[PDB]
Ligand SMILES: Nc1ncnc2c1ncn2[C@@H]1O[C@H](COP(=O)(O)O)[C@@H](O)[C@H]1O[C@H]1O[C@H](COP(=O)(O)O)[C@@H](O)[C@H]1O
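The chain that follows stands alone, in the form deposited without the named molecule, written as structure tokens.
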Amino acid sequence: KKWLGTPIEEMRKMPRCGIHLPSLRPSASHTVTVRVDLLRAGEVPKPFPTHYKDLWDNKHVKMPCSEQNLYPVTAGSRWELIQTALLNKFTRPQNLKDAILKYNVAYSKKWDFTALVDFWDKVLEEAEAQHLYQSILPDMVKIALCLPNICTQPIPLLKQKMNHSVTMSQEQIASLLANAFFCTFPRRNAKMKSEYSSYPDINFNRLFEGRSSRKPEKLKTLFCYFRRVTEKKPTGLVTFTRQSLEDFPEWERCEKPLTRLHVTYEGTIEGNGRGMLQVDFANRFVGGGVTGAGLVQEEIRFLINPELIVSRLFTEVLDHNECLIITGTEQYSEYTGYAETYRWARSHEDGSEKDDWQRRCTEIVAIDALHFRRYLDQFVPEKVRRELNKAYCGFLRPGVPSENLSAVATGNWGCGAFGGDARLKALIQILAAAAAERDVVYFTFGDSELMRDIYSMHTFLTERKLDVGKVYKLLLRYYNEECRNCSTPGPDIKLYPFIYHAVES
């Protein structure tokens, strides 16, 4: 049997479980960059304000089209330099390289474009390369240079400790990412960098470097997205929300019961978690190394839903008590394989429903697990409380009643690159969801024994009526009784057998 637990169709999904969405209006906590009054279905949103307003300070994104974006000639407008550079024709890779370097002269010998030249000549066919520079690259420049006219409102930086949302259009995002592709964002490339050292990289320069055989598949995935939005302008909105909690459960005395579980070894979070809160196994610098090296769960999601990539422009590094909730992004590509075997399969027509704010019903939460430098560290109670607290922040929607919350679609969070133990992390998530009072759909990603063990454990704890606080205390018991006074890196018994034994006595 390929799944276990509650049947998947008894789990709450959006937009069916949701409360009627109230009128979309700006707020001290909500930035909205489009004309709400003119917002209609299938209609490309209008910007608000109508004409470019500029801020060049330490609270908002520094835009390439700002008058204060200067370069040494006397002080010259780098924006005029960007327009000059890109309005040239592209016949070969060198002409895009030389164009991008005109306004990034400091990095003229730190930036390699080997992956791009190979993609242009070797990987793509002639009719594919010809279509790239005669249609796709020109149409990318048009939307990039229209940034002033499309992004009229300053975009606020989502800093540590801020509970704030920014609601933006897909066309606006299209423009920003087009600018990112051409590496136009100022003050965002420094290594010794001061101001944006706590933000992820935004400019795409590293997408052209290296001799990795997966660089072309990243380009294909992004050029699939760019080709799409260029041809037919997208009409949706995307909300990015930074959540930062101060009051977490007192886990040891939490009387809340466990909730329902559906767990399967077939399918994926994105493929089979439609209308559910889909977890992104993030880096605290959101997006990971999507714009560079790195091609695992987060990056892949960031590439097939590239409108997530723009979050890197305004999202400060996540502290332990924080997550980034992105609602509205569209999936543009399909893929095969994973990491070194990842490949772009084809375009994907997203058939998701949209809400009263014209966002696609796709909620993604970025929560960073801890990167454990050795296996035994994660069982230390403070590391357990941290991961619980991170997941709990990822799942909790205060302001929404629990019966109006979808299930969470998640998986082996923290247990790939970050060396976590899936059984420990599964239980952590199940406990987090229970505190947040939501159901869990778990994808073990091809692992059947893990599915059985997770189900059996959930069932055992449910039928003995043990609450969050009792299970938490068992985890603290596991460390003290079997991990603390431990001879070699491994203890004499694993977590699950310990729980079974300790509860049965």
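Residue indices: 1-based, along the sequence shown.
Below, we turn to the form solved in complex with the named molecule, even though it does not appear here.
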property	result
Heavy atom within 4.5 Å of the named molecule in the deposited bound form - the one residue of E449, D57, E463, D37 that qualifies	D37
Contact residue in the deposited bound form, chosen from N480, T50, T459, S29 - any heavy atom within 4.5 Å of the named molecule	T50
Segment assignment from 469-477, 58-66, 432-440, 29-37: heavy atom within 4.5 Å of the named molecule in the deposited bound form	29-37
